[PDB]
> 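Let me give you the structure first, and then I'll get to my questions.
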Amino acid sequence: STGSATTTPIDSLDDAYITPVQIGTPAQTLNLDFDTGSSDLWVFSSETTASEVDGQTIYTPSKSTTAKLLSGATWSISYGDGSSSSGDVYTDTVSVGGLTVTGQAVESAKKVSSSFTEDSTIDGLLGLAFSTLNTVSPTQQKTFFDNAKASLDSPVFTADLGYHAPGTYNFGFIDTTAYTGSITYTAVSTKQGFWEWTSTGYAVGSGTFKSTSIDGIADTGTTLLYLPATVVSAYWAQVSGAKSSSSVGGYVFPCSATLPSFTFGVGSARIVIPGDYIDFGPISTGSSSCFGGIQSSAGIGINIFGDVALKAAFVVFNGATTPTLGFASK
Ligand SMILES: NCc1ccc(C(F)(F)F)cc1
């Protein structure tokens, strides 16, 4: 079997992407943030503290004839940006783009942090990292991908994120019309539960490519590109007037500047991020200082190839017994 679903940026900056997901019987459609950096499927629900809900579509388990309460199970997650949520757990039928899994753990939020409340366009997250990171206690639960794997034509999913435009998540097949040239595959380490891989280096603009190993994760749930301080300094040094601002919390640049492209290595292949992708617009309404899409990972502790990088490529998440990541230009 296969599935295919359109994913859409939530705003004009591509801060995040939402994908419609059908939950329950009859279907309740929620728009979820597909996150290859976490492993919980959680949703706003009828159980969420009413004051913490501000426009989200809620899942109502009592209206689903296939919903079952998972007795005594709870969940609690904290994300790298300080966001968090927690609640209880149902199992229910979940379908993405025609691909249906029965008995999927659907984590119902009782409490959400304010950053989720204020994001009225995101109804929940669908985690696509490895199941070892799932937070359900006392019995850990499997991701949607893990539950679907045996039914898929091929144990893969692909991310084709658009720049200021819709894109596609496909499950179970590789659309050979969606990319150019060939797919370069690279090894994945699952030791921390992430889609973790090693980039072979980088270049700024038309500068010389620097061969150097950058260990990082492929994370559709993170907006920006977080790289070592040395690399980020080399990039922003080429932007007249750019500087690191403590009050803003990262590199900012004069909005009138043209940004250079950023190249990262996948084995011997090169993926080029156009400079326009790195512009995240004015830091506040009306400001002539703009926020940069490449930032230092020094405070984060891990390098993150977020949407800025992934949307420049066609990305294959190969969940074979030895997992790999594939990148192609598009
Ligand atoms: N990386 C997971 C994640 C995704 C979205 C959000 C936000 F922005 F919706 F709060 C927080 C954390």
Side-chain angles (χ1 to χ4, degrees), residues 5 7-21 30-45 48-49 51-59 75-87 96 106-136 143-145 157 159 161 167 169 192-196 216-227 248-250 280-281 283 291 293-297 299-311 315 317:
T7 190
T8 301
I10 65 163
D11 60 23
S12 52
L13 294 170
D14 298 348
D15 277 316
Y17 298 81
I18 46 171
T19 306
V21 180
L30 276 68
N31 296 332
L32 305 189
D33 184 354
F34 282 24
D35 179 11
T36 61
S38 67
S39 300
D40 286 50
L41 197 175
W42 73 260
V43 295
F44 280 82
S45 72
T48 310
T49 302
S51 70
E52 315 200 317
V53 175
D54 184 23
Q56 290 89 359
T57 295
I58 70 192
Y59 165 62
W75 63 277
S76 186
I77 198 171
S78 310
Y79 299 96
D81 71 318
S83 302
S84 75
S85 42
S86 64
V96 173
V106 178
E107 306 174 26
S108 167
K110 289 198 127 103
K111 221 207 173 146
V112 299
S113 62
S114 69
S115 62
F116 293 117
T117 297
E118 292 155 357
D119 259 304
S120 88
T121 59
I122 294 173
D123 302 323
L125 268 69
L126 192 140
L128 295 167
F130 290 88
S131 289
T132 62
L133 294 179
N134 180 265
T135 76
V136 173
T143 68
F144 177 83
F145 182 53
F157 67 92
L161 302 177
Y169 279 106
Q192 308 190 74
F194 297 121
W195 290 91
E196 186 176 358
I217 65 165
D219 186 2
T220 60
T222 291
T223 311
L224 305 183
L225 176 50
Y226 293 95
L227 290 175
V248 185
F280 276 74
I283 63 182
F291 196 68
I294 293 176
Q295 298 291 344
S296 171
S297 63
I300 302 332
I302 197 193
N303 297 309
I304 303 174
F305 291 82
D307 296 335
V308 163
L310 302 180
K311 74 173 119 173
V315 189
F317 293 79

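The analysis underlying the following values was restricted to heavy atoms, covering all of them including side chains, and did not include hydrogens, waters or symmetry mates. Whatever order the structure lists them in is the order used to number ligands and atoms, beginning at 1. Index from 1, following the sequence.
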> Quick one, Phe317 and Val315 - any side-chain contact, counting heavy atoms below 4.5 Å?
yes

> Who are the side-chain hydrogen bond (donor to acceptor under 3.5 Å, both in side chains) partners of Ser85, not counting sequence neighbours?
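Once residues adjacent in sequence are excluded, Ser85 has no partner under the side-chain hydrogen bond (donor to acceptor under 3.5 Å, both in side chains) criterion.
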
> Mind telling me whether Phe157 and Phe145 have parallel, tilted or perpendicular rings, with 30° and 60° as the class edges?
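The arrangement is perpendicular - the two ring planes meet at more than 60°.
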
> Put together the list of close N/O pairs, under 3.5 Å, between ligand 1 and the protein, could you?
{"from": "ligand 1", "atom 1": "1 (N)", "to": "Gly221", "atom 2": "O", "distance (Å)": "2.8"}

> Restricting to pairs with a member in residues 118-133, which pass salt bridge (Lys or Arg N to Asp or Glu O under 4.0 Å), not counting sequence neighbours?
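Non-adjacent pairs meeting salt bridge (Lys or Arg N to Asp or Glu O under 4.0 Å): zero.
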
> Would you call the rings of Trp42 and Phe116 parallel, tilted or perpendicular, where under 30° means parallel and over 60° means perpendicular?
perpendicular

> Holding to side-chain contact (heavy atoms from CB on, under 4.5 Å), I want the full list of residues that pass it with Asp307, two or more places apart in sequence or in another chain.
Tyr17, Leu161, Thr220

